[PDB]
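The deposited numbering applies: residue 1 is where the sequence shown begins, and numbers increase by one. Data block below; observations after.
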Amino acid sequence: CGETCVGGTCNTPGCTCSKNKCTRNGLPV
């Protein structure tokens, strides 16, 4: 996803907030 979660939130659809990065089912894309 590449994006960052500004408080456990991610703009990228289906991207879960992770270590300063949004992940698609774990994939930090």
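Note that CB positions come from ideal geometry on N, CA and C, so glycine has one too.
If I follow the unbroken beta strand (DSSP E) through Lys21, where does it start and stop?
As a first step, residue 21 is located in the sequence shown; it is residue number 21 there, counting from the start. Residues 21-24.
My output table needs one value for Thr9: the three-state DSSP class, helix, strand or coil.
For this step, residue 9 is matched to residue 9 along the sequence shown. If DSSP states are grouped into helix, strand and coil, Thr9 belongs with coil.
Cβ atoms of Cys22 and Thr4: under 8 Å apart, would you say?
The sequence position of residue 4 within the sequence shown is 4, counting from 1. The sequence position of residue 22 within the sequence shown is 22, counting from 1. The answer is yes: Cβ separation under 8 Å.
Measuring straight from C-alpha to C-alpha, what distance separates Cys1 and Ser18?
Residue 1 sits at position 1 when you count from the first residue of the sequence shown. Residue 18 sits at position 18 when you count from the first residue of the sequence shown. Going by the C-alpha atoms only, they are around 11 Å apart.
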